[PDB]
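Listed next as structure tokens is one chain, alone, in the form deposited in one PDB entry.
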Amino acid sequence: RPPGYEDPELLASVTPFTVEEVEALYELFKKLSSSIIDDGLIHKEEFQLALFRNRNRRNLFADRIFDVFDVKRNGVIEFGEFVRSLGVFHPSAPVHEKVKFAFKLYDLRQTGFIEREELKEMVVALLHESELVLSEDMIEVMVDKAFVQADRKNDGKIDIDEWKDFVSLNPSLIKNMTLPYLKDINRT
């Protein structure tokens, strides 16, 4: 009847998941939150491991993922934070939440905008996801074109509205904002 306890019906009702899926994700949370410390929290040390091990997103953005998973900004990931952040990757999650999440992700230093050098590290990382590794001048041409396309109110930084415009023209930037195995999950 314990501390940290959260009725799975609760998360079920605010996410694309169901009770059984929420209960299921609790098993997976116990795994990741116990690796090193056994306090019911996923320390970032243990987030790394879990992404490193059962590969999901990407190693160099784990500090980025960890950071946005960390909704109540307090240095760790709690169970409900973990389920709600994951729920955003669900195929039925509203595209709004996916666009927003992707935006926090790319705001590399957490400043409320996307600056050119962050669009760059972004584009590089996405390219490399699709096994394309291009010359540095191929890249700043690309990044330059995409950056003036995106920076509508011409002022050197992308805000969430221009991002939304930008992504509507570039829907593949939020390609990975959805993981299709999450529709019915796989016991292990």
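Between two forms, the rigid core is defined as the largest C-alpha subset superposing within 1.5 Å. Numbering starts at 1 and runs along the sequence shown.
Below, we turn to the form deposited in another entry, even though it does not appear here.
Once the cores line up, the CA of residue 63 ends up less than 2 angstroms apart between this form and the one not shown. Relative to the superposed rigid core, residue 158 undergoes a CA displacement smaller than 2 Å between this form and the one not shown. Residue displacement note: residue 118 has its CA displaced by at least 2 Å between this form and the one not shown (rigid core superposed). Compared with the form shown here, the C-alpha atoms of residue 130 and residue 63 sit at least 3 Å closer together in that other deposited form. In contrast to the form presented, in that other deposited form the C-alpha positions of residue 54 and residue 177 spread farther apart by 3 Å or more.
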